[PDB]
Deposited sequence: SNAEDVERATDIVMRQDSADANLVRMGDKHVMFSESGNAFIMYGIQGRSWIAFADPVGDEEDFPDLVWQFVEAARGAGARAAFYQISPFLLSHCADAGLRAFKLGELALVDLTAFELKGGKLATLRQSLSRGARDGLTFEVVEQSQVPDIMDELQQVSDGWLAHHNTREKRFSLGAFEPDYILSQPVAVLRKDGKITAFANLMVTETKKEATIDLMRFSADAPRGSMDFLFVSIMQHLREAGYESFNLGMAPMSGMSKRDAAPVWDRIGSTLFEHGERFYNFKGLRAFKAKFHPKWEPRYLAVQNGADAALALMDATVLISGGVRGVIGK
């Protein structure tokens, strides 16, 4: 069944390094396993495109056959094949299958082993941490088993945030506030006056190579400096627990037509959890991600289908 597929895929996710592969847990993406069952591709189907989300996940030795399987399955259904936000490691597999790569933007990766808050280089970030604390802000990472005790309070903040921004939930490359999904991972929370004013679900794996956040929401009353406070706090917590890196997520960049399209796509989806300049304060290394498609014409058409998958898309699994 689909539920059994998601469970198995999640078990694969926890034994590998990519933290965003935890997005399979939302259950809104189709899953295709390799012959061995040790690797998988997660994807969406929209209009005339089959769109895989990021890289294949799991045992790397299965990636060449999986990529080919996906491209052939899309061709067999009369659809174009495309990979959305793949890493440099996957470009060779994609080129072997006849695809071209277009840079979509860059992930801001913070090396937590060199993130020294008591050093002169991050003095401002340190000062913001103590200033947030004087304003009455406190931080905690709530482990999976304790999330039920704050569920009602998380739900209120999430609804308040949706209403305040007059916006709706997303899908595919972004998670949504679905109780079972929120219950499956740790939650970083921010409190003021004994009340949760912000939260972010943490995506981690058992290898500790990388951690990232998915949703990030603040009550309209969260004080100035709450984003600095939350991020600095998350990075310090992760550093002390032994994670090597923290992924701040995609940022737009700092071939002409498709160039305009990529530029507006960046602004449309890569600014929900801080602007590029905000991410730059943590001194991240910038790693590129790509859209892999057959031709340049298909690029724009595939990105449009991807836009629907993210903006509207499937209902998904609901409790």
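| task | Could you list the ranges of the deposited sequence that have no C-alpha atoms in the model? | result | Unmodelled stretches, in sequence order: 255-264, 330.
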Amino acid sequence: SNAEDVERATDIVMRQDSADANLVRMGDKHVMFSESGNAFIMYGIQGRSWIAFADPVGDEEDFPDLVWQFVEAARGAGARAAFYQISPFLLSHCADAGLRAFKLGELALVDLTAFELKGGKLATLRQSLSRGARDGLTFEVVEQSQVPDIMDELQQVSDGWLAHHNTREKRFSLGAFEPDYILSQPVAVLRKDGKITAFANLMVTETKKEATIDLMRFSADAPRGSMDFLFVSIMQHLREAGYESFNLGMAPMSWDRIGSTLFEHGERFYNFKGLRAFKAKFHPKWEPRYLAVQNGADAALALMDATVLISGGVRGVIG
From here on, numbers count along this sequence of modelled residues.
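| Averaged over C-alpha atoms, is the B-factor higher for 139-147 or for 170-178 in this PDB entry? | Higher of the two, by average CA B-factor, is 139-147.
| query | Mean C-alpha B-factor higher for 204-212, or for 117-125? | reply | For C-alpha atoms only, the mean B-factor is higher in 117-125.
| task | Select one of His93, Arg191, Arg217, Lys103: the residue whose C-alpha shows the highest B-factor in the crystal structure entry. | result | It is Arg191.
| Lowest, middle or highest third - CA B-factor, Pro223 | It belongs to the highest third of the chain when residues are ordered by C-alpha B-factor.
| Chain-relative CA temperature factor third for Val57 | It falls in the bottom third of the chain.
| query | Should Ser34 be placed in the lowest, middle or highest third of its chain by the C-alpha B factor in the entry? | reply | Answer is middle: the recorded C-alpha B-factor places it there.
| query | Can you tell me which third, lowest, middle or highest, the CA B-factor of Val24 falls into for its chain? | reply | For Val24, the deposited C-alpha B-factor lands in the lowest third.
| task | Name the third of the chain's ranked CA B-factors that contains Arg289, choosing lowest, middle or highest. | result | It falls in the bottom third of the chain.
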